[PDB]
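Worksheet: the structure to be examined is printed underneath.
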Amino acid sequence: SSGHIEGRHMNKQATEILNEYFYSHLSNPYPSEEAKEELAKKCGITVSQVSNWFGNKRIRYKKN
Numbered sequence: 014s015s016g017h018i019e020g021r022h023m024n025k026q027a028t029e030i031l032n033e034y035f036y037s038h039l040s041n042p043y044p045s046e047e048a049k050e051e052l053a054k055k056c057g058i059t060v061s062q063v064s065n066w067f068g069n070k071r072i073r074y075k076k077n
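Residue 14 is where the sequence shown starts when you use my numbering, and the numbers rise one by one after that.
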């Protein structure tokens with residue numbers, strides 16, 4: 014609906030998958046090795062794309 018201008022690295026809508034995935038599930042994400050690998054191999058990317066994505070998202074993208 015709103016936003017636009019979003020698409021760089023992390024496959025196509027992968028970051029949207031990861032984001033929409035972790036976000037919605039920010040209350041208790043911590044995608045285990047299975048979930049991480051799953052999403053990673055689900056887009057056909059590379060876990061480091063996932064491995065890293067959540068590595069910084071686990072930083073608590075909230076109010077610090």
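Using N, Cα and C, we set each Cβ at its ideal position, and we do this for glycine too.
field: Assigned secondary structure, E47 (DSSP; H/G/I helix, E/B strand, else coil)
entry: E47 falls in the helix class under three-state DSSP.
- prompt: Exposed or buried, what is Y36 when buried is set at 16 or more other beta-carbons lying within 10 Å of its beta-carbon?
  reply: Its Cβ having fewer than 16 others within 10 Å, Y36 is exposed.
- prompt: What are the boundary residues of the alpha helix (DSSP H) that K70 is part of?
  reply: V60 to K70 is the span of the alpha helix (DSSP H), which, as asked, contains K70.
field: Anticipated Cβ contact below 8 Å, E50 with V60, distance rounded
entry: That belief holds up - the Cβ atoms of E50 and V60 are roughly 6 Å apart, short of 8 Å.
query: Given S64, which residues of its chain have a CB within under 7 Å of its CB, disregarding the five upstream and five downstream residues?
result: Only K49 meet the Cβ criterion.
field: C-alpha distance - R21 paired with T28, whole-angstrom precision
entry: Each residue's Cα considered, the two are about 9 Å apart.
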